[PDB]
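Chain order of the listed sequences is A, B, C, D, E, F, G, H and I.
If you're matching positions, the first sequence starts at 7 in my numbering and goes up one per residue.
If you're matching positions, the second sequence starts at 11 in my numbering and goes up one per residue.
If you're matching positions, the third sequence starts at 71 in my numbering and goes up one per residue.
If you're matching positions, the fourth sequence starts at 432 in my numbering and goes up one per residue.
If you're matching positions, the fifth sequence starts at 35 in my numbering and goes up one per residue.
If you're matching positions, the sixth sequence starts at 2 in my numbering and goes up one per residue.
If you're matching positions, the seventh sequence starts at -17 in my numbering and goes up one per residue.
If you're matching positions, the eighth sequence starts at 3 in my numbering and goes up one per residue.
If you're matching positions, the ninth sequence starts at 58 in my numbering and goes up one per residue.
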Amino acid sequence: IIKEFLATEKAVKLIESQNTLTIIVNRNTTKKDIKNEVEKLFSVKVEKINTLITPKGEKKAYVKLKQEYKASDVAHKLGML
Amino acid sequence: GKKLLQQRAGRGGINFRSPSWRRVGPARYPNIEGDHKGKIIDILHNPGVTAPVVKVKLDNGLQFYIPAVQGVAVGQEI
Amino acid sequence: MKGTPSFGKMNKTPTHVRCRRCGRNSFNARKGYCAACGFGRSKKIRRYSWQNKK
Amino acid sequence: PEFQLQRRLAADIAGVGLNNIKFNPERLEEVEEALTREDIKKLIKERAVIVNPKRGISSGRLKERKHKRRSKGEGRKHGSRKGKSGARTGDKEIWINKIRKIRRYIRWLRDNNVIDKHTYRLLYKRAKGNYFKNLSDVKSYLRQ
Amino acid sequence: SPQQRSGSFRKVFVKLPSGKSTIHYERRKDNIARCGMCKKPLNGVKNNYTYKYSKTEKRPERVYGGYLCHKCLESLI
Amino acid sequence: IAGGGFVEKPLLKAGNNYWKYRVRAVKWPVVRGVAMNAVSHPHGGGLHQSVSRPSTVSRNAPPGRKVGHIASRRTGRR
Amino acid sequence: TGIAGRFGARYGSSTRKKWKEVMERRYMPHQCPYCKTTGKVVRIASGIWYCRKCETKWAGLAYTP
Amino acid sequence: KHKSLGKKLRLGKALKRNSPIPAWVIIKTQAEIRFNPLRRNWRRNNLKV
Amino acid sequence: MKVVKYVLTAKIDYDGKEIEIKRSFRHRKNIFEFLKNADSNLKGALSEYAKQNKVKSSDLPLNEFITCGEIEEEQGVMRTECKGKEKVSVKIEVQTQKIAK
RNA sequence: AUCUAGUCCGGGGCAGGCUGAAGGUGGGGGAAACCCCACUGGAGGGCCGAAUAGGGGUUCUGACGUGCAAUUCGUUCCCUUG
RNA sequence: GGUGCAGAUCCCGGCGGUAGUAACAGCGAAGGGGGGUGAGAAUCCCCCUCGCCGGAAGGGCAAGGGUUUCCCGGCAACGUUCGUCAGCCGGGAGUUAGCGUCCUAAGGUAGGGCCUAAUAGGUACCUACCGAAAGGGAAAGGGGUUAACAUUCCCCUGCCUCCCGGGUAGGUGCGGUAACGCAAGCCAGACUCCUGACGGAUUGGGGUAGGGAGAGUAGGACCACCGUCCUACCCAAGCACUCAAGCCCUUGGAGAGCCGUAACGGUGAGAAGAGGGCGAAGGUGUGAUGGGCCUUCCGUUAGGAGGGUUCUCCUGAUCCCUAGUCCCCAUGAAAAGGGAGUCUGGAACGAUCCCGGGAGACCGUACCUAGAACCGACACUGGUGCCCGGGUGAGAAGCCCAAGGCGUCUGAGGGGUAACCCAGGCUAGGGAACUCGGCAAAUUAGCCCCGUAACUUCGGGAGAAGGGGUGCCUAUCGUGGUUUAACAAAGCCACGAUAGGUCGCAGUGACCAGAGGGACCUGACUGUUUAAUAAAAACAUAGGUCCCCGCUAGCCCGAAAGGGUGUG
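What follows is the structure, given as structure tokens:
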């Protein structure tokens, strides 16, 4: 289950440059779909995701959106921009 | 004191087993009950044997190995 | 050589690693056994009459 | 007051070693505020980030020398060689070339009817027998 | 990653108009597939490190075409 | 069985001897004991290399002590 | 002495002479019992022989067919 | 690094945090100079896995 | 983007039918070894022609094709001829076009 | 038994040269027995040789000898397809 | 009543003296000037120059360390000096894969059973499973982008596995005599076969990296006079085509000889010669009117506009594939995973074809690979790795210089510099008188040619010994290779000789680089070993010789099951 919206200086470009999102979820150590989580929480289609294991103990995933969904909007809806 | 060199072989360690996987197989007479005819198909060398061996097919379809005997060739029938 | 170089080759893996039970990096992979947490050949926990001086 | 950033970055953007990179002794003030690869890229065109062209070994001398070496037998004498006899030239290779060239010559002679079959074989056997030594020498023998 | 055998030490500079030279690794060759009874060097079957799904192209139209030549085979039919 | 005239060709080289038993569990090369330390051989020890005891022993001899001439019918070259 | 010296001057001539005589019999041209002495047979290993015409493997001695 | 996620997969008390003391906490304690004695370093130490 | 290119259009002349093929080069070295033997090249080029659209048995059964003439250039135009045995010949024509913008 | 001893299994290496056994071929001397020469041939627990290619540590009882280090450094040796 | 202390080479804590003494040398590095920052500068930063390394101080890759990576701010210690600086401290950020996981050897375990009183004991048998980040094992690269990682993110080309949708060869096709060639049905089997899969030596052919040559195109250095050198000139995978050996298919018919090799050889069992087939590496098109490479100019915030990026040749890998041939008392791993062949049953729809569509767990992914990132208690000349330009030159030898890196193998400055020590160089004359001992040190040394004893195991000894030449330049010539290339010419290119002239003490000018000979003893030799006082005659050796023994043997080990010499 989704836990936070990371806001590093690296991330901010990605939501602009590639309309992706840096979101870190539980370490459930089993995923078929971090995908279908977002749309029931944000009504957005997914195009790709990936796997990260940070040394601080969290699990990061680069999720990018199809062009019909400008990721900056939902972030602005969330409220860091 | 410390046991003999002959004594050491009594442990059955690595230093005394053979790498028979590098060897062709156990060459003893396969068990038959009557009379059958076989043909030689191959001759191979077996390292720790000091004697060549033979691979022979059985008329009933069996694989086995016997020490090779003088003046016998592939394709001859036994 | 018997001096320092004898310590040289000592960069390879530890012959005893984290055994999952007692939290001691003392699992001899090579012997397929932990000499600390007892996991490997005793169902019971390895415990002795002389854990210390009496 | 340390800005390796710019110095390090330029090497990657130009694919050359760090030590071969220089800055303007003047424009330090307008190069410090570079923070991005974009910035270094923009500044290199503006000639703030001077890139050192790769140097090279000048070679005019050896051009003269090798030409001096080759044509007129300059220094090639046997009194100036470090290696042993066959070291410079592998005799086996020479025999290979030698045996090769004579054979294909007489083949061309046969397939063009220069000589007959029985002439060929006697010629061929001699070649394996080291009877000849040279293409000119072997070809000379043909006119007897 | 340590210097190994899995890949022929190739480079790139012949067929090349840009300016850049590097290295590549690629796995070893195959041969015509394995077992042994007639030990006959076969022919006429395709064996590449990829398989183009070419059905017959990798097998002769003879009766035992992919199997072996007629040197050691008349023991079955 | 094939292998006639097997040992006529001399080994000529301990290398051959080394690769003759490379797979057979014979311990190679064999090491004599009389020069060994007495701590690990019945006839070991001694500055003057000599036979310590008459090598022939009785049949009831314990294992690890039966060495040398074992149950010999006769000795000598002839 | 030819092949007897291919190791130089080592190991003793008497040993060499023994190794000498037997070796030629291996390389002395033989007669294939199956095809014929036409081609020459070779000793892959003790008991292993076939010329390059008969293609007939058979059991030989240690060093002779 | 081909660490087989037995040591990096575990994070925290294993493979984490030779950390400095939190700042504002120091203000609270008013302590002279606050430390974590558990301080270690890669060059001078050998973490017991 | 590449610059300068050599276009070769060879008109194949066999029985009745005239065949022409289009294929170019990149370094001015390709031409010579292309015509080094070209029998593998041309027959494959023909086989491509059959492959690309239609038809079989155009000039495939051509036997050993005797090389070609000698390549010639007057207005820098590489020209030569290649005939084979009988009733089989092909022409050679080369253009050097500057791609430009 | 991460060192060392040994073994087994699976892997990684030995820049360049030299020497030239067997056999092959052609000349030449005599019918012979066969012999000499030329080349070819490329076998060998063979030879020289790359500080750090790799190995060992030989003399300098050479420096250090409250170290570069609880066994080294520089010189100075022998091995290198087994 | 733990009871009174100077010790017990007492224990523990503090601090003495030797004392600002040793050391901060020794393993071939080295800095200098000018400017900046900041309180503070030999030590930090900017510029220029210079020296050193340069088969490693360079480049890329592990196990291990675990943030050592990057950004921002700092200096009490931490750094062998200092210090504005750092692998140090303090504040923040940072690794993505449809292109390890699977199987298996040495073996191991866990269970069922054979013993053990029991066992956390052994276990020959059976079963199940573990066992490689260099074994095998489906499939991608190219460019491009952040301070930080990338075959993973952006674009194009793909590609593989599986699953859908449509037609298509198919179930009912095909050419030739053939070698075989190809859009061949489907799914259930069942069996069998066929690389995967295995050593060393030696040699050829064919390739490819890297390089050079010349002209040309733009830029820089050059300059007392010449005009020369360097700079950039070039693009993968996949996709289409392609061939050199080898091995096969017809025809063909040859020896008193023919074919052919580098060599060995092939030849009536069909050689020769003709036609063909299967068919590496590579190469060529495409991808690629996109980028990449240099560069001109205008803009100079912001960007903007052009140019070219060619041609002809050479050598050339320890980097590949492809072949022969030799060696063995060594005969050089097995699975999974693939593919095919044959026979049975099934339904008629139906693909190993193409076209469109969909998907492809989880986890490894930062950095360093070592004169500062690992271990040796340290920022340690110890070890642990592995792999990879020119000239001179056989060379990965030495030298110097390319690429790159460094002036942190981290303390420095003064000086006519005493002695002395360690590294060196050189010494007239005598030349082993020193000396246990010629220890040390010296002398020779590369190469070609000539020439080479006694003895012997006839193979060597043997670079025995000894002698002679070796430079530079002006010409030449021969040989061979190479380019579409019988030869032969042309350009190239290597090699090997000849003549002539000429300089110096010196002509393997440095560097690199045997002193040799004779008599005798011992050990046959190569080999191995006393890590950290010993390398040898000590051990092993090839061989002779004897002993035991007919497998339920002999030999040896345990408590017992039995184990191993025994896949004999």
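All residues carry an ideal CB built from backbone N, CA and C; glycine is no exception.
Verify whether the separation of the beta carbon atoms of residue i and residue j is less than 9 Å.
i, j, result
"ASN450/D", "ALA479/D", "no"
"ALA102/I", "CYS125/I", "no"
"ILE30/A", "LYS46/A", "no"
"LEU15/B", "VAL34/B", "no"
"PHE97/C", "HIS86/C", "yes"
"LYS72/A", "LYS51/A", "yes"
For residue i, count the other beta carbons within 10 Å of its own beta carbon; 16 or more makes it buried, fewer makes it exposed. Which is it?
i, result
"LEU554/D", "buried"
"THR74/C", "exposed"
"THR20/G", "exposed"
"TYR32/G", "buried"
"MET135/I", "buried"
"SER73/F", "exposed"
"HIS44/F", "buried"
Determine, for residue i, whether the minimum Cβ-Cβ distance to residues of chain H falls below 9 Å.
i, result
"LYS66/A", "no"
Is residue i close to chain G, meaning its C-beta is less than 9 Å from at least one C-beta of that chain?
i, result
"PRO11/F", "yes"
"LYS28/F", "no"
"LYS14/F", "yes"
"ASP52/B", "yes"
Based on DSSP bridge pairs, tell me the residues matched to residue i.
i, result
"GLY506/D", "Looking at the DSSP assignment, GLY506/D forms no beta bridge with any residue, so it has no partner."
"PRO77/B", "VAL63/B"
"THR66/I", "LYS79/I"
"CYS107/C", "DSSP lists no partner for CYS107/C."
"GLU90/I", "None, per the DSSP bridge assignment."
Of all the CB atoms in chain B, is at least one closer than 9 Å to the CB of residue i?
i, result
"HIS70/F", "no"
"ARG54/F", "no"
Under a three-way DSSP split, which group does residue i fall into?
i, result
"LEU54/B", "strand"
"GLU43/A", "helix"
"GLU77/I", "strand"
"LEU68/B", "strand"
"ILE42/B", "coil"
"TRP40/G", "strand"
"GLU138/I", "strand"
"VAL4/G", "helix"
"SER146/I", "strand"
"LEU58/A", "strand"
"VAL23/G", "strand"
"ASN455/D", "coil"
Check whether the Cβ of residue i lies closer than 8 Å to any heavy atom of the ligand NAD, and answer yes or no.
i, result
"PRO456/D", "With respect to the ligand NAD, the structure shown offers nothing to examine, as it has no ligands at all."
Strictly under 9 Å for the Cβ-Cβ distance: is residue i near chain C by that measure?
i, result
"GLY8/H", "yes"
"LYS3/H", "no"
I'd like to know if residue i contacts chain F, where contact means its C-beta is closer than 9 Å to some C-beta of that chain.
i, result
"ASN41/B", "no"
"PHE74/B", "no"
"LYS18/G", "no"
Shorter than 9 Å from the beta carbon of residue i to some beta carbon of chain A?
i, result
"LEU49/H", "no"
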